[PDB]
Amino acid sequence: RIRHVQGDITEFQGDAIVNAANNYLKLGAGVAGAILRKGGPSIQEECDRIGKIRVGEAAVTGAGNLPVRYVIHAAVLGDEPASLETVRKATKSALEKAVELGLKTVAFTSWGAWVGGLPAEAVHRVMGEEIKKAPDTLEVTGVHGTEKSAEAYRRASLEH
């Protein structure tokens, strides 16, 4: 239910990508920058017309010129700081949205740009638990910058 690959999430060709976000849905930091660049202005514009949400919630937009149908914005910080709990909620909420849209293929990054203050392995652990709990109609892809990293993530998923 989760496969880890080297690639560019702005090149994922499935139903949706998950984009880590502040709760004000003001995009730009991290992978969002590339998403705005290649996806175009309509992604922030739709966010502007959703308004702000709560930390731990997710919100859905179209994907502009990207080869996915939807972007799922997962609010990990803002009005309160990122923690293992906000990470858990934002993941569960992102996946809940995907299920609501009746989607099958969804892609996350490592959320690294958003969890600098947290212990990496515990963050990976919590998102993994939420992903595991998600229904089997979903196929989740983790996308990483380097093969070395993705092979590390796959190797780590062999710890069981």
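Residue indices: 1-based, along the sequence shown.
Taking the mean C-alpha B-factor of each stretch as recorded, 47-55 and 66-74 are not equal, and the higher mean is that of 47-55. Judged by mean Cα B factor in the deposited record, 135-143 ranks above the other of 135-143 and 17-25. Between the residues 39, 33, 112, 102, it is 102 that shows the highest Cα B-factor in the PDB record. Per-chain ranking of the deposited C-alpha B factor places residue 87 in the lowest third.
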